[PDB]
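As structure tokens, one chain now follows by itself in the form deposited in one PDB entry.
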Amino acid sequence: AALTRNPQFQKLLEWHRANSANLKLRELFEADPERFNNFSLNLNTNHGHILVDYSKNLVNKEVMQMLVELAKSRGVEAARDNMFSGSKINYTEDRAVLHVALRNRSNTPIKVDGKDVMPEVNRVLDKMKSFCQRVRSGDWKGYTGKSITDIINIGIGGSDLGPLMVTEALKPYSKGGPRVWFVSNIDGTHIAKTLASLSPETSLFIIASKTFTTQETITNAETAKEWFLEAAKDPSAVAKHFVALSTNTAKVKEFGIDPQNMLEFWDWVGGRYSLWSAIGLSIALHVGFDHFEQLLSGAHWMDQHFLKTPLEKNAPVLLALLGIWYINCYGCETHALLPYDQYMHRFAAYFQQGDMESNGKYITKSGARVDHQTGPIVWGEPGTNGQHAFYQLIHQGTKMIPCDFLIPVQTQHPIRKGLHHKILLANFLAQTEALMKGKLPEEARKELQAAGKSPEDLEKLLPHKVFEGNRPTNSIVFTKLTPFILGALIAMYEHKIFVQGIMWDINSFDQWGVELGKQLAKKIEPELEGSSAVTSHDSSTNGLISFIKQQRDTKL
């Protein structure tokens, strides 16, 4: 594998092995009054600042230098440039990787197969803008001549989680706009309980599918269409209530949606990077196209920062490099995303997909099997709730867990003269301080003495009260969570994932395990029909099928 053969990597690993045990966050801060100043990036976007404070990490000057050298040696800059210029860097599928084109506000040419993609990107955006105005204004009427009150996105994975996470995060920008619903699971519960709350007269369905063949999405869409036509009784009416977002015109038409009711995107838009495209229509409908444009613009700002900034002060590069340090040198399996923001409640889940589906890989560009770790398990929940759920383990367990803490300085709801947000901010700050500093036995001993504990009780309790600390974090703080800033933040992590992928020499942009998934259920579906015993498979699969057949009729 390319990474482990790399001399800069070997140097880094050897340094870690010899020196890492001597790195203590508490001592790093004591020894260097300028630590924050030298290990943070204050980015001015001209529409808010984003401070990336990486000073609470197990790094020093030489470590960062070695990490930056590794990024150079692994050709991060050239690979980045190739992505941006429309090179077919998704080599297993022979595709360009051009989510950056979707938000290319500068409109500079980006060519695929000799042709600039910008005119088609902008044409679709213009179409989205027109449609949103017609729907949000109440001009667009349902089959009984009523304005639309509910938008329902039907899609899964990349055709679901982006629009869901972003509409949740930008909820305060949705005043006046129609309600938005997300149906994704094949589990009939999802569509059933959604439809139960809706009228066919005032619901507009958005069928979101790159391929337009995904089993969950097409089945859900057919169920919705059946429900709709049971009420409307007019195939002509489907045009008023169904829109497709896809690359597959033939399958859209096959389903029963006319191409004029289709907004297209392209093969170089990966699902987990698709919210910027036509797939973002439910966002634009919910918050307005203006705010959707601001979202695109923030991503564009961050794209430019990524493209033009020297590696040593490049925000997504530094986040990627810190990740490499913890993954390939320390061996940390996971990375936690902990936004101190209720609107961001699905942010961690979004990048759980974006990161893991991208970098959960084991074959390189050369076809080699990796002999090192690739992508981490990404997880998290919003603060402060996590403090009362799993922070016990972060503080006092046996796992090293790099954490990104994120918060906006300004809240969307400054209730009680800002009291709630002051408390929220205090916790955000305290938790990373606590993770860094810990509490020494002698410090814990003094507290227990002042608590009036007898010598016997104190000695039994003491070790349980000790916090070993030295637990590293990033703190990412931004002026306010506006559409623009959110766009910038999502793009930042997209580029983090890119840099890690290039360094590991893997393809961040295919998903053969997801493709495998879509082939699997067809072989079992037919066996579930009828009362016949299944002996076809391994005994577990067989035994589970037998249990299912036995139990499906019993009346509880």
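The term rigid core refers to the most C-alpha atoms you can superpose between the two forms while keeping them within 1.5 Å. Start at 1 and count along the sequence shown; that's the residue number.
The same protein also exists as the form deposited in another entry; that form is not shown, yet it is the one meant from here on.
Undergrad: After the core is superposed, which of these residues, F265, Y143, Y326, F255, moves its CA 2 Å or more between this form and the one not shown?
TA: Among the listed residues, the outlier is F255.
Undergrad: Once you overlay the rigid core, does the Cα of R35 travel 2 Å or further between this form and the one not shown?
TA: After core superposition, the C-alpha of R35 moves less than 2 Å between this form and the one not shown.
Undergrad: My question is whether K518 is one of the residues whose C-alpha shifts by 2 Å or more between this form and the one not shown, given a fit on the rigid core.
TA: Comparing the forms between this form and the one not shown, which are aligned on their rigid core, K518 does shift its C-alpha by 2 Å or more.
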